[PDB]
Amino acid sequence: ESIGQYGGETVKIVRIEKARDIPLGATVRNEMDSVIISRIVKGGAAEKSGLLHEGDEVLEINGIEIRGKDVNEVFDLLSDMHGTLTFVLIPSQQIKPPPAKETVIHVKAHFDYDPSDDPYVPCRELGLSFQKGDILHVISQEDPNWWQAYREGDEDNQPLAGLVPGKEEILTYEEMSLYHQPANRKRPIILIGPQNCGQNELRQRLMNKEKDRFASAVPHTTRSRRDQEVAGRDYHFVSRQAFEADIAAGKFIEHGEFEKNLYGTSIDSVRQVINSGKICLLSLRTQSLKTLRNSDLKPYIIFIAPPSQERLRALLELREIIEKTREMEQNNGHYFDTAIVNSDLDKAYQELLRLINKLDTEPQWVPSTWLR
């Protein structure tokens, strides 16, 4: 059922049955004041009905104003609800492919995972623990970084799937080959690591102190272009549908949402900068390294890290140090080429520059697959 609105858009009314103390199997995140259906979990009523979609904004549920609520309030609320739930939604503008037959993939884990030790887990309640040798039934890989799975030997009636890390096949030894950086085709320098470790600062210090060499990939946005902005260099200003289409078409390295608009750095954006003879400078979330490495961009990833816990206390609010060091225990993937321990910006910058400069004269080891 759909209802047109005077000022806003057309809303969507769906009805899903809810059992007392039994979750629907859908997760919600806050984007500004809005409540957004962010994920549909397999095995719940929400999934079976096929009435809720990722990206659907929840305006009302059974006469209750949902918009404006913290997701913690929405969580407490629906936990105390049952019976027929009438949803009033602003239907998702995302583009999911036509329904494929549920394809299960059975894997064996060669690593231990405890979601309570994971800072990155999107919905902690859904975290699924497993040990080396456990067999996982991966029901959904729609989210490359978070697979929905059941663990074989899970004695409790689940009934919902769990979330597990979507790691690529990391071998014990990965075959490597030397790659010389061409004179006119610089490798994109890409920075990763915790937030407040001066990463954004080191970028701008490079972009400014050596303006002639470095450049930035022109990102895309759904935000309407402003007065003193140019449609070429500031952003590629596109409609939301175009952005959503590009997302589905795997055209984005990384994309996020800011103030009810989408922003993202396209693969072509970087490939264009490479072709200019300039060094593309780009900060990414560790999560987005998967999409990045799978393209022929030949990136050089530098990990930017804070010092030890004790040395962090010397330089120093309290909730920040806990967050950094927690992210540092998870750096074991080691997709990066080199790490920089930022204690002093000036000391970190010179080391950063020295690393970037060295690419001109000295060849580097890349996965052999990049050259073949």
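Note that residue numbering begins at 1 and tracks the sequence as displayed.
Gap between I322 and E323: none; every deposited residue in this span has coordinates.
Mean C-alpha B-factor is higher over 94-102 than over the other stretch, the pair under comparison being 113-121 and 94-102. Between 124-132 and 192-200, the higher mean Cα B-factor belongs to 192-200. Listed residues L284, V230, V238, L281 were ranked by CA B-factor as deposited; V230 comes out on top. In this structure the maximum Cα B-factor among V28, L312, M32, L59 is found at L312. Among the modelled residues of its chain, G68 has a C-alpha B-factor that falls in the lowest third, as given in the PDB entry. For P299, the recorded CA temperature factor ranks within the lowest third of the chain's modelled residues. Sort the chain's modelled residues by C-alpha temperature factor and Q364 lands in the lowest third, per the entry. Ranked within its chain, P165 lands in the lowest third, by CA B factor from the PDB record.
In this PDB entry, the Cα temperature factor of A242 sits in the top third of its chain's modelled residues, the highest group.
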